[PDB]
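As written, the chain order gives the labels A, B, C and D, with residue 1 at the start of each chain.
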Amino acid sequence: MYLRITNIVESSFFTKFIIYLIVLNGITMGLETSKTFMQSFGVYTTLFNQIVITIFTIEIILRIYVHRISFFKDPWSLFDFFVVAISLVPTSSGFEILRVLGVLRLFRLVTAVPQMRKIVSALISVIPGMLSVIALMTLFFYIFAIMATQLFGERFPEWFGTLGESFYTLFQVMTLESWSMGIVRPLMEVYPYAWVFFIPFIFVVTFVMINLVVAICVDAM
Amino acid sequence: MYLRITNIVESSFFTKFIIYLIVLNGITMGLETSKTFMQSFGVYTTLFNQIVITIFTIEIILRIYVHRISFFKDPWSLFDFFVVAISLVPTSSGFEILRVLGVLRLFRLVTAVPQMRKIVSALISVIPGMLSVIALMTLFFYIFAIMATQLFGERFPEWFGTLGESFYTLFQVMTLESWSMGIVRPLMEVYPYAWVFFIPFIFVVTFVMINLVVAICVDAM
Amino acid sequence: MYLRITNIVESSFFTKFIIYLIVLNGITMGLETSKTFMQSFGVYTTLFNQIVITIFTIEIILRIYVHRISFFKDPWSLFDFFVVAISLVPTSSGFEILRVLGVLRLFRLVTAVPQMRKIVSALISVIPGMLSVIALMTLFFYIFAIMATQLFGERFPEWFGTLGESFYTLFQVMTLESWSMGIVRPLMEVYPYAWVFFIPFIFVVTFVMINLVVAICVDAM
Amino acid sequence: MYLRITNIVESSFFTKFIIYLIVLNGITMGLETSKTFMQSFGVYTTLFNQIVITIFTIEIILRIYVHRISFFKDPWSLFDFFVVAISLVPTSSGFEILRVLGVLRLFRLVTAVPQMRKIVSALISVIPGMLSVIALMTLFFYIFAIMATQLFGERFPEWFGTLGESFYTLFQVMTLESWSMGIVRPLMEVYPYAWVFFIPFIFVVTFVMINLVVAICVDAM
């Protein structure tokens, strides 16, 4: 019977039907946002959702027999697998984080549809030639996060009280968001030389970012 | 008589006259801004405006006889047509949006003048090789807008109470405007892990923008 | 005697002496910033300044005889000329704007020193192949400035009350500075669809900027 | 005995041991951040730290005998030397800046590990072909800092009262952070034409940054 199901799974109908459900489930997910819609067509949509996930677990099961070991060596299938399993976890229990991560299954639209695969693939293939710079950056943040924590955390707990708060804050400074009016001007009211820490930080982190972007421009070319 | 008008329309004088009215109408539109100017030369300018639009409907009518089917297959002509038709709708009725969309006819300066067409054309031709990325991005926002709405909308209605509000807020975050001091620091006062949602969002959305620009740099070359 | 002065003007000493005064005057200008320095060495520096400008008017006069018509066809000489004339206007009278524009003479360091000329020249030569885009942008701003003025100026005078205030505000939105928390969120409290005006504005203006930068990247390459 | 130590120092074990201590010290530096961890394992970590720095002074001393004059002509060795010497200065005395600059020794991970050297080297080699532009920029800030100080410092001391304050504020404006809502809108309430100073400043400074990046894009290619 292997070939009988294999010709189902491999068919255009099968794929088109799945893509059809993605778009349908996607639309219905946005409708579940409205409190109004849910007081009317609430149960309609709730049952519709348990229907789709069933059709998708079957689909994933059918796909696995047809592909066996090849399935679990396909990034796109693994994604499909993990995103459907997330969606499988019971409505209650633990936390509702899982209930929300369910919406991630709309990314199956990238999986099921080629051309989307193409862009995602292109975007991703750029990432390996970045990891050395990313690593450098992460070491850099880690070193300045520790300095900021022990230089400013006592008198500025919310922003630098903790290694994590300092990472967060340093990230924010990197995006240049309120770095002066909101963080460094207030800091200087106690520590007039705080600028000797953040200006060089901003220069480096910006300089790197420019280089990182240049990398992708030159390397893709 | 066809050719008699065709030599009018196709002439150098004709175009130069029209461009002359654009610049004249454009200048007059900026003066209609001054409350002072309107209490003096109010009626002067109001009559001048109904005159020009008449001259432009004639022009569009003349252009259509001379070009017929070719006219409505010319992007620039269509623009000219639609931007003049907007301007034709009566002074009152419905809303005053139409009175304002009238000023869009100054983009007729781009139509009437070559060299302008060229740059607009150059800018636009870049857009097809972007739609896959734009599509990816739009799906991306939609998935995160839905997550944010159901994760933050209850306790943060202004920013995430509604799918549209979440789209808006997520857009703002993408521009990096006040994303931390204005949105994510407040959110974390209730949801200490909100940062697990917005930092990866900012990374992805930034990464893409960088790639999108790299695309245009490499692809234009 | 022409050649006698021409060999003075053309000498290394002459140029080196002038550059020496630039750096000296530049340093002294920063010292004139200190209220403390001026209560001590105030008169020392004040006389020193009238000395230098004299040496520079002579220099410009000497240079003109040696170059005649060629002088006033040299951008760098013209700059040198106009920046020294600004500096010549009496200490009082009219406004003190002139007293401040004097510091612009430190840009003579770019003039007098080659290599600086080289970078400035390189930076400038890029500008012609931008003017079509700049023109487009300026028309664009002008059209949206007028729309914003008549859509938001009544209820938001500070930001859109006037064509100029609208230009200013639209510029600010373009830099993405507080565009949402500071301008468009407040606007939406009265005009819930204000977002239909500013989001498309931001997209266009950003898109253009990206293209403009791409232009310089591809064209220099 | 020279060669006896040279085979120690030059060995694979030796380097691997040192990198092992870097990562160990780095990890331990991040734990010294926790107030909790220090009341427990406080002395454990404090002793561990004086141990490592000893091991590193030995290492630097061993490396110097093996390399002599070549050592102090190696950028990476010099860094190693200076970053370890910082770490040597006694726990108290003067200020605690030295205690903090100690954490800079984690950049030893860049020294000790190849591939890291490569990226740092790649990033740095880009800097020479920038110094002309940096120089132009520095002159530029200096001229405008002086203008801003004497135009705005009297009525706006916090932001422009002093040449250094003006440098700081002008830097912030360059990052575009709150330049309008936070600095130029307030300034205009007293000086309605302040915009004639900051808009052209923002244009020039932005233009240059764009060019500077274009330089690195074209020049790296």
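Basically, a residue touches a chain if its C-beta (ideal position, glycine included) is under 8 Å from a C-beta of that chain, and two chains touch if they have at least 3 such contacts.
**Q** Give, as an integer number of Å, the spacing between the C-alpha centres of chain D and chain B.
**A** It comes to 44 Å between the two C-alpha centres.
**Q** Distance between chain C and chain D based on Cα centroids, please, to the nearest Å.
**A** 31
**Q** Identify all positions of chain B at which a residue touches two or more other chains, and write them in rising order.
**A** Residues 176-178, 213, 217, 221 of chain B each touch two or more of the other chains.
**Q** What kind of graph do the touching chains make: line, ring, star, complete, other?
**A** ring
**Q** Go ahead and list every pair of chains that touch.
**A** So, checking each combination of chains, I get A-B, A-D, B-C, C-D as the touching pairs.
**Q** Which stretch or stretches of chain C touch chain D in the complex?
**A** Interface residues on the chain C side: 26, 29-30, 33-34, 100, 103-104, 106-107, 109-110, 115-116, 118-120, 122-123, 126, 168, 171-172, 175-178, 182, 213, 216-217, 220-221.
**Q** Residue numbers of chain B touching chain A in their complex, please.
**A** Result: residues 132-133, 135-136, 139, 142-143, 146-147, 149-151, 162-163, 176-181, 195, 199, 202, 207-208, 210-211, 213-214, 217-218, 221 of chain B touch chain A.
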